[PDB]
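Student: what would the 3D arrangement of this be:
(4 chains, ligands or ions: 1)
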Amino acid sequence: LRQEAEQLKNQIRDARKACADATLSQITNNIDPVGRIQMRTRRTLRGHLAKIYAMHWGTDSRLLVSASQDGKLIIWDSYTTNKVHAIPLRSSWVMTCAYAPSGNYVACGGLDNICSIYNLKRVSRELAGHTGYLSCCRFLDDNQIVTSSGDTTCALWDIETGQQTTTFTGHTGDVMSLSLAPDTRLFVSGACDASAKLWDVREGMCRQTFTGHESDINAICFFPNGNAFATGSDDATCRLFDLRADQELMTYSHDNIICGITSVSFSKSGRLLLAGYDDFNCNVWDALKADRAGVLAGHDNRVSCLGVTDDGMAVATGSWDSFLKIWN
Amino acid sequence: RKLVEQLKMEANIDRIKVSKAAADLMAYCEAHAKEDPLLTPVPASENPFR
Amino acid sequence: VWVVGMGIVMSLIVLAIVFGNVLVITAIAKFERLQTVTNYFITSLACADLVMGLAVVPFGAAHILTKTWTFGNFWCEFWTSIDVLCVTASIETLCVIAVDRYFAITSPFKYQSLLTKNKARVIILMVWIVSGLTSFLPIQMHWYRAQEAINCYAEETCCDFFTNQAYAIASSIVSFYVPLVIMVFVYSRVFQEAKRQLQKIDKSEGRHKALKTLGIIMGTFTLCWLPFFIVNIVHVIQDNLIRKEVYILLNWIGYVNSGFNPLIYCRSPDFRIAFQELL
Amino acid sequence: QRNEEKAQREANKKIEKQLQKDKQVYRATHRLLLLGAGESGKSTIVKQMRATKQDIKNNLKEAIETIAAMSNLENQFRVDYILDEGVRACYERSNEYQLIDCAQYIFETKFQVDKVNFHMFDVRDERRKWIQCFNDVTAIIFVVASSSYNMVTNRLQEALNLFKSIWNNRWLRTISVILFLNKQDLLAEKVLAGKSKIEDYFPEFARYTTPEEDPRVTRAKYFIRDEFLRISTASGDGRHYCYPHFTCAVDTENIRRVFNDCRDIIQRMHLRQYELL
Ligand SMILES: CN[C@@H]1CCc2c(ccc(O)c2O)[C@H]1O
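Tutor: Numbers count the residues shown, from 1 in each chain, chains lettered A, B, ... in the order given. Below is the structure:
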């Protein structure tokens, strides 16, 4: 009966252990360290009503969108530091935000189990097929929008149609973060049941599913090469998995670090992994060397989200203190 | 019952050697590191912020 | 050599008043978190303390220690005007902060709504503006002037002030006496609110320190100024009673209050957070 | 050329002006969260605080579907059409088998502003990660069913287990909790009449005695509060206070009761600051 699945689980684990030939740290040891990295607030972006939960760089990298629990969604111009458009949200609380690759539409999530896409150039559509709060929204094109909800079922909507084109379901715990890859084909979603599985948009089947962590998975993000991704657990440890190897490549954790993790984002070249925390600080660790390189603690409250521009010029970080610091 | 099917789906997967995956990822982080302002800050004139 | 030894103690007092209020004032602008809602008044008191400390206090040490006021007569009068406002500001700022604590506790659900950042600037500026009507007379006007040591005003050596009996009664009231009624009455009603809450919790759960906590706020202010302003009213109506040396001793007792002011003002984790970056 | 920067300044000024206007409104508004257990009847007090007909039929149909009562254990053909003597047994078995609808028969709210505007709203997830997103609410109305010992680990014990989840979260480290002992009359009703004593469900009931209606209900009434108080007693250290005043079946003063408790919630919060008390 279920023993065969358990036997299959043992068979899957055996292949991963057998496929392990050498350790990443052993190979990366000869690599020269990046050295100490110091970042400063080249801009000091602020002026929102309450604590924010989401932040997303625009495709052009000129603009960023941040949504707070106050219900006000405002798109902020980083260069001029002047707010561009402030669109109130119908739902009192919002939990996620997204920006269009074309820049035409801005998407804001919600804890009211309804996802709504706004038109910059007037809410366009409202999507509520999924049950429970929406965790993360991100759409590759103006036609298909990917949202992960608390119903343990992440689905890709059709913006024009307004209905669920496909449903990627069967995940153990509540899905808390969804990350899209530059190739736009496959996307990795992380749930609260420590399971990190990578889906396929067209196939709808979980090609690979990793469960290295022990605690709930908070956020995930891809590398520029699109062949690997990193996830951060509610436990202090954050790991990076190689998709072609289906294993945990390197485990990132400091003995001193004991607080939670709320965001994760690589760099333009991927060498510098910037990881947020609830410890009011963001720590930048070398992806290859697997060692801590530099820390920055400009934020005062818990950091919520962090992202890097498409050009990679500078990083942004959210905060529950309503002050989003644009580090450089 | 779907988990048995789901496990069977992942039962046979084309796997690349972790050593090979590491080396390719290391090169992807090596050759592409040149154009990284975070790795090396550019001039304050070149950087729109400063 | 007694003066030289006395000057060493006087040297520390000027230094203590400098860094004591500046550190609180520096933290108010250094960290944005504590800058917005409260300690905005505490910065005004700290700013008032800095003026009294860095400017008014050291010249007083020069006045007593040296032979006489070597500086000019105009600046001698200017010193009294600047000293009057600084002393009047700290008492008023403490009363304004005293209203802050009372107006919040006694009238919740409206304190957050009624008070505003612009409203805080209006009240804070009003304290300085009200201090203007107390400092306008000694410098711009000449109503401050007193035959008892009348030549002292004319003489360039001694800058000791002899003031009309009319000005002393009114100025002392506007400076310390009037806010004392406000500070005591506001805090007395607050002590009732804290006492009521403690009794309510006792009935709610089967299983005070407030008196000590509220005692230092009112006690330090009273124990540092009351002997002075009692003496100030005394001499204006009874000139033969006061001893000249006694007046100066009580005069420097009240200046130490601005130096010890920060301890009463900002002793909390946020103040401890200020020492975190400066350590 | 340079007019673009000036144009953005006007838009930024307009946005900042509009945001500043809403800043007073947001600060004025008081936010509450109604965390209520299933079958506790939190909607009942919510209705009291604040074409329908086929609403009654739906509850009756849902009750009829649960009256599933035969599965837990002539008219069978009649029962098949719908899917009495059996009703009485089902009502007796309704203690074990869940019956949400009464046998007798992200939602939001804008509570009456009165002194200060208050907009309360609620949010069934076992993980309950949504709770950690809330740290600014002044207080949380935690409606618990007093007559839960008969139901179902007992339902009341499961409800008591919520405090362990609620307070050990540490995300709501500065949020008080208000709980209403709903169905207090119903709780006494089962208690007053001879039935399964709470000692059978809660063993330590016999050892417990009244603190310093019949005493049988009165002693029982305090014990549930005392059990709730004991959990809230430990690890409080201020900023975490449980206001346990009972709530009857019908009490229009319940809305006024919250406001009186709400004032003590803010006042105790301010007294915590400045270390005055
Ligand atoms: C050296 N004595 C000074 C000058 C006179 C004066 C003081 C304090 C409060 C007043 O209202 C005054 O008019 C004292 O600090």
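
Student: and residue D:18, how close does it get to residue A:72?
Tutor: Between residue D:18 and residue A:72 the computed distance is 9 Å (CB to CB, to the nearest Å). Heads up, the C-betas are built off the backbone N, CA and C, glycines and all.

Student: in chain D, what residue is nearest chain B?
Tutor: Nearest residue of chain D to chain B: residue D:5, at 14.2 Å (CB to the nearest CB).

Student: who in chain A is up against chain D?
Tutor: For chain A, the residues in contact with chain D (CB under 8 Å from any CB of the partner chain) are A:47-51, A:53, A:69-70, A:72, A:74, A:77, A:80, A:82-86, A:91-93, A:95, A:111-113, A:132-133, A:150, A:173-174, A:176, A:192, A:216, A:320.

Student: which residue does the stretch 1-150 of chain D bring closest to chain C?
Tutor: residue D:116 (4.0 Å).

Student: what is the burial count for residue D:47?
Tutor: 10 (other CB atoms under 10 Å in any protein chain shown).

Student: which SSE is it in?
Tutor: Using DSSP states H and E, residue D:47 maps to helix D:42-49.

Student: now find how far off-centre that helix is within its chain.
Tutor: Its chain's C-alpha centre and that of helix D:42-49 lie 9 Å apart, by CA atoms, centre = their mean, to the nearest Å.

Student: give me the contact list for that helix.
Tutor: Helix D:42-49 has contacts (CB atoms under 8 Å, 6 or more residues apart in numbering or on different chains) with D:34, D:36, D:109, D:111, D:120, D:122, D:141, D:143, D:180, D:182, D:247, D:250-252, D:254-255, D:258.

Student: what's downstream of it, the next helix or strand?
Tutor: Downstream of helix D:42-49, the first helix or strand assigned by DSSP H and E is helix D:55-66.

Student: contact partners for the residue of chain B at minimum distance from chain D?
Tutor: At 14.2 Å from chain D, residue B:48 is the closest residue in chain B, using CB to the nearest CB. The contact partners of residue B:48, taken as CB under 8 Å, 6+ apart, are A:79, A:313.

Student: surely it forms part of a helix?
Tutor: No. Counting by DSSP: H, G, I helix; E, B strand; the rest coil, one finds residue B:48 to be coil, located in no helix.

Student: ok so, going back, mind giving me the ChimeraX select for the residues of chain A next to chain D, buried ones only?
Tutor: To isolate the buried ones among those in ChimeraX, judged by 16 or more other CB atoms under 10 Å in any protein chain shown, type:
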select /A:47,48,49,50,51,53,69,70,72,74,77,82,83,84,85,86,91,92,93,95,111,112,113,132,133,150,173,174,176,192,216,320
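
Student: in the stretch 1-150 of chain A, what residue is nearest chain C?
Tutor: Across the stretch 1-150 of chain A, the shortest distance to chain C (CB to the nearest CB) belongs to residue A:46, at 7.9 Å.

Student: just give the number of residues close to that residue.
Tutor: Neighbouring residues of residue A:46 were enumerated by other CB under 10 Å; the total is 14.

Student: how about residue C:27?
Tutor: With other CB under 10 Å as criterion, residue C:27 counts 24.

Student: looks like it contacts residue C:274 (just checking).
Tutor: Yes. Counting by CB atoms under 8 Å, residue C:27 does reach residue C:274; the two are 3.5 Å apart.

Student: common neighbours of these two, please.
Tutor: In contact with both residue C:27 and residue C:274: C:34, C:266, using CB under 8 Å, 6+ apart.

Student: who's in contact with the residue nearest to the residue of the stretch 1-150 of chain D closest to chain C when sequence neighbours are not counted?
Tutor: Excluding the flanking residues, the one nearest residue D:116 by CB to CB, 6 or more residues apart in numbering or on different chains is residue C:109, at 4.0 Å. Contact analysis of residue C:109 by CB under 8 Å, 6+ apart lists D:30, D:115-116, D:262-263, D:266.
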